[PDB]
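# Notes for the structure review
Residue-level listing of the chains:
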Amino acid sequence: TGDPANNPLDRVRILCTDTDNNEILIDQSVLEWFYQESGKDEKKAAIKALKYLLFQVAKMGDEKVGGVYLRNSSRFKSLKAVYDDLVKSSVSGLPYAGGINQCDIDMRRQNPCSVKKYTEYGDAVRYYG
Amino acid sequence: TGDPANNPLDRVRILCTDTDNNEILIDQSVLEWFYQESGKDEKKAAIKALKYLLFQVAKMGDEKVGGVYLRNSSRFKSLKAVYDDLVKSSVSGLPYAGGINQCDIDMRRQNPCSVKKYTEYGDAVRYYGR
Amino acid sequence: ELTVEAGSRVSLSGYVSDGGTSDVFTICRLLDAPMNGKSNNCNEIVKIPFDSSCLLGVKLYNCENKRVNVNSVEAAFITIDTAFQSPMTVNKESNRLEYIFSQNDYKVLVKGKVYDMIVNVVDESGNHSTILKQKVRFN
Amino acid sequence: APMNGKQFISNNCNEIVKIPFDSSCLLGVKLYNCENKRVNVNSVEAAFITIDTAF
Amino acid sequence: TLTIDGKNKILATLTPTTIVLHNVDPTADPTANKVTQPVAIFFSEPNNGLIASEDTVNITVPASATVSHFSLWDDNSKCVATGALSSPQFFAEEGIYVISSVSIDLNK
Amino acid sequence: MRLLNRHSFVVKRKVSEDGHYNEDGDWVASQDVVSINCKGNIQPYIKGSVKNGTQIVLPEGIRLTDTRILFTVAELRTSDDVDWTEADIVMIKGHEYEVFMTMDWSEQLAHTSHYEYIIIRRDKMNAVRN
């Protein structure tokens, strides 16, 4: 709508990169719903909107009414490449290796519904097994 | 625009390659928004601007209104290829490599949350073993 | 076996009194000023040669689309951003709001910076109003 | 301001009104009746302008 | 030949301050035919070996005088430049001669 | 960046569609004309007889006429003798234009439905009221 400083909804547009006002693909009513369900949090609202944008772009087809032409075919191919690169191919947490943390080790030993191994690391220099 | 020497926003436009008023792509309202969020630092604003620019070019399709015909399907591919070569593939840090620095090892030897290794390098030449 | 020379030249010009108000003429810049608000596109940059002395020509278009005389307004101020604030001249004869730049103004300017020209007009009923918001570059 | 709700020319999006800051400006509203005919302002005894969260 | 940087430092020491008008050329003697009285004239900083005054100078020419020459004078009271007036002006009555632009330069 | 909304003009529509004939017999146009900005693409109309920006050397002077095509999504009307409509005036560079002839692709497609208009510059004429 032009103002990103004092409009939460338009901030969603910036993150969802629909700041065109000439080829609008995500209607404000749809955008308002995404904002409402996403606890009025813009960041987790864009992700929902961005996925919705991908669906709309894919369904669109090549149109030619006399005088005006519009090739929508080569948009998803371009859009997907950005989406995977900048959104999907971006980890949101920490990985997990095996026995690299004793505190983790003890915490996992408290679980009763777990198999009991015969020999474990460390059971060669422990007085009380 | 047109004053890179005294206008912070003008400098940002140069770094984001949107210095063409005929076919402006990132609106000044959006660009001002990015500038403020990146603590009024031009370099980080350009990075976000470029990523935003990549999104816009992808969504742009061909249009033919009467006499004019603008083909936009070959603009992303060229832009994408430049992006990885010049931006996405520019390491700006140090690659960690095993245990070399006798220093880092001692700092990592103090962390309580670890595993008591049976033996490590440089163990049998020291009296006070571990 | 070597000698470098030079020369001198002096020039003068007088216009013997005549008891008038001189004949000051040096400018080309004249600007629009719709009171209703003007293809938006991107506004052009007014370019004044640094130094020299331009005469800003502001034409008051009344707020339908018509030229209006410089009436009501009793004070006009040019307020180029963070540079200076000086009053303008309400010219009855030419029916324009004009201001000439002097050498003093350029002492607080830098060659190249794109300042913003804001023009305020105050009528009898003390109502400040911004008329123009053009951008100027002193190249 | 058409009072019948219907836009003059539809399919056209509205434009955000831009007023310079620190400038006394006079807002002008011209009312049109249900037949899109300019009304005379003797039909309104009082009117109020809302700026949502300003005044 | 001199350079621009050389010429600018030269003109930075003139500082002419007063101007007096003559009827005949002073050249040989600047102390003769002092038709008018010294009146303050302000110059500018050198630019490419050229200095120009900022504003017009109103010289109070006495009545029954024919002004046709021109010679500068600095703060030290020793004339540094002389020139013509490009036209002999005869003030039959007491008038107000006005100079529009003075320019001393060394670009040949 | 739709090409369909590149240019922006101001249209005068005779909103108060009255257009009655006075008792004397002359024509009294609508007294209420509004001017609201629209958006569209204005291109020269190149088709045979139609002349664009052509000076006509009459034995009375030199008259200038032109004909532009207008692609837009707005429903601009034209003078109609059944609904008592009175055309629309487009403006380019100040000069008034008239919307003669219309093509109505309003419902056909989804994202490409548009109107095509043929706008003609109005000739210079002395104005008398009635």
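Residues numbered from 1 in each chain as written, not as in the entry; some residues may be left out. Chains lettered and ligands numbered in written order. Part of a larger assembly, values for the part shown. Heavy atoms only, no water. Residues with missing side-chain atoms left out of burial classes, pairs and counts.

Per the deposited record, the coordinates in this entry were obtained by cryo-EM to a resolution of 3.4 Å.

Looking up chain C in the PDB entry gives the name gp127, with the organism given as Shigella phage Sf14.

Looking up chain B in the PDB entry gives the name Phage protein, with the organism given as Shigella phage Sf14.

## Focus: the sheet that holds strand β1 (residues 62-65) of chain B
Put simply, the rule reads: A pair of strands is treated as paired once DSSP finds two or more bridges between them. Each helix is a run of H or I in the DSSP string that is no shorter than four residues. Each strand is a run of E no shorter than two, and both are numbered from the N terminus. The convention used is that axes are lines fitted to C-alpha atoms, helices contributing only their stretch in contact, and that angles between N-to-C directions extend from 0 to 180 degrees.
Pairing within the open sheet is antiparallel, and its 4 strands lie in the order β1(A)-β2(A)-β1(B)-β2(B). Only two strands of the sheet have a single partner each, and these edge strands are β1 (63-65) of chain A together with β2 (68-70) of chain B. Neighbour-to-neighbour, the strand axes of the sheet open up by a mean angle of 0°, direction not taken into account. Alignment of strand β2 (residues 68-71) of chain A against β1(B), held across 4 bridges, turns out to be antiparallel. Directly across from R71(A), in β1(B), lies its bridge partner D62(B).

## A look at the packing of helix α3 (residues 42-59) of chain B against helix α4 (residues 75-88) of chain B
Residues and elements named next belong to chain B. For clarity, the threshold we go by: We call two directions roughly parallel when the angle between them is under 35 degrees, roughly antiparallel when it is over 145, roughly perpendicular when it lies between 65 and 115, and oblique otherwise. What makes a crossing left-handed is the near helix being turned counterclockwise from the far one by less than a right angle; a clockwise turn instead makes it right-handed. Contacts between residues were defined by any pair of non-hydrogen atoms, one from each residue, lying within 4.5 Å. Under the scheme applied here, ten amino acids are nonpolar (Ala, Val, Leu, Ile, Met, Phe, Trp, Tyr, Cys and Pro), four are charged (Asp, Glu, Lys and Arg), and all others, including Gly, are polar.
Their axes nearest at 10 Å, the elements α3 and α4 cross at an angle of 155°. Judged by the inter-axis angle, α3 sits roughly antiparallel to α4. The interaxial crossing formed by α3 with α4 has left-handed handedness. Contact residues: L50, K51, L54 and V57 in α3; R75, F76, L79, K80, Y83 and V87 in α4. Broken down by class, the residue content of the contact of α3 with α4 amounts to 7 nonpolar, no polar and 3 charged.

## Structural notes on helix α1 (residues 8-16) of chain B
Residues separated by three or four positions in an α-helix point in the same direction, a consequence of the helix having 3.6 residues per turn. All names here are of chain B. Defined as follows: For every residue, the accessible area obtained with a 1.4 Å probe (protein chains only) is divided by the maximum for its type, and the residue is called buried under 20%, exposed over 50%, and partly exposed between those limits. What the arc covers is the set of directions going from the helix axis to the C-beta atoms.
Considered for burial, the residues of α1 that qualify are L9, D10, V12, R13 and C16. The buried residues of α1 occupy one face: seen down the axis, they fall within an arc of 155°. One or two positions beyond α1, positive phi appears at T17, with a value near 60°.

## Some details on the packing of helix α4 (residues 76-88) of chain A against α3(B)
Axis separation between α4(A) and α3(B) bottoms out at 8 Å; the angle between their running directions is 155°. Considered as vectors, α4(A) and α3(B) are oriented roughly antiparallel to each other. Handedness of the α4(A)/α3(B) crossing: left-handed. From α4(A), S78(A), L79(A), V82(A), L86(A) and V87(A) reach across to α3(B), where they touch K51(B), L54(B), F55(B), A58(B) and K59(B). A class-by-class count of the residues in the contact of α4(A) with α3(B) yields 7 nonpolar, 1 polar and 2 charged.

## Notes on unusual backbone geometry
Residues and elements named next belong to chain C. Phi angles above zero are rare outside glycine, and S22 is one such case at about 55°. Positionally, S22 belongs in the loop between β1 (9-11) and β2 (30-31). We note that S72 has phi near 55°; this positive angle belongs to a residue other than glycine. Structurally, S72 is set in the loop between β6 (66-67) and β7 (75-78).

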